[PDB]
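For reference, the chain that follows is the form deposited in one PDB entry, supplied as structure tokens.
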């Protein structure tokens, strides 16, 4: 009849702490991010979750987050599957740049569009970009279901959904319909893309949805795999709203 699953975005690493777009740059979790993953695992253990399958992106921070959660649950044996289709949205040329600096240079309105709009596309990352090489030279992108030269160089949230939706429908959703307990260790925007779809959020309303880092996201789906109600956050609601505000404030100018 109804099905519940868990999705979340990993804890913040070095870059996001200093307010820089990370996106496809394969940055590892820091001490704080690791602890955040362990805390999510402890929460899920308290709820006595017994996962059957775990899905992650190919960015190591989402994989490590999943590994830490499984360790906390004593479920390291549970199958894990990783796909670039769950990768964080590709911020193109904006990768590595400071969000507040962009707000000062282009205005808060434009930054909000780049960050949260559905259709706005970031300028494409070019070969001259400081982080182009370490991204596209990695073997993980040489064995994807799409050619290396075919992978995106930037993505709007709509682009993300277009490449993520097929993975959800074809590899995750079937497991949900089989009654399996699933965990999705993803990122801020790839998660927003999935939620927009599952909750039927309008192209206009999705711009106001911001997800806090390191917080289990609860979602219940119906027989048609559509949300029964809006997504919920597991934990201290005040700390969670404060965390959401922090993320929103990274795109704003001081005082």
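Shifts are known only where both forms have a C-alpha. Numbering follows the first chain given and starts at 1. For the two forms, the rigid core is made up of the largest set of C-alpha atoms that agree within 1.5 Å on superposition.
Comparing the deposited coordinates for 6-14 and 21-29, the stretch with the larger average C-alpha B-factor is 6-14. Of the two segments examined, 140-148 and 103-111, it is 140-148 that shows the higher average Cα temperature factor in the deposited entry.
Of the residues listed, 207, 194, 44, 54, the entry assigns the biggest Cα temperature factor to 207. In this structure the maximum Cα B-factor among 88, 76, 175, 126 is found at 126. When all modelled residues of the chain are sorted by CA temperature factor, residue 134 is found within the highest third.
Among the modelled residues of the chain, residue 240 sits in the highest third by CA temperature factor in this PDB entry. Per-chain ranking of the deposited C-alpha B factor places residue 213 in the middle third. Looking at the C-alpha B-factors along this chain, the one for residue 190 belongs to the lowest third.
Residue 48 sits in the highest third of its chain by CA B factor, as recorded in the PDB entry.
The discussion below concerns the form deposited in another entry, not included here.
For the residue set 112, 153, 163, 129, core-aligned C-alpha shifts between this form and the one not shown reach 2 angstroms or more at a single site, 112. Relative to the superposed rigid core, residue 243 undergoes a CA displacement of at least 2 Å between this form and the one not shown. When the rigid core is held fixed, the Cα atom of residue 103 travels 2 angstroms or more between this form and the one not shown. Compared with the form shown, the residue 92-residue 106 C-alpha separation decreases in the other form, the change being 3 Å or greater. Look at residue 200 and residue 110: in the other form their Cα atoms move 3 Å or more farther apart than in this form.
For residues common to both forms, superposing the rigid core between this form and the one not shown reveals consecutive runs of 3 or more with all Cα shifts of 2 angstroms or more at 17-19, 99-117, 235-249.
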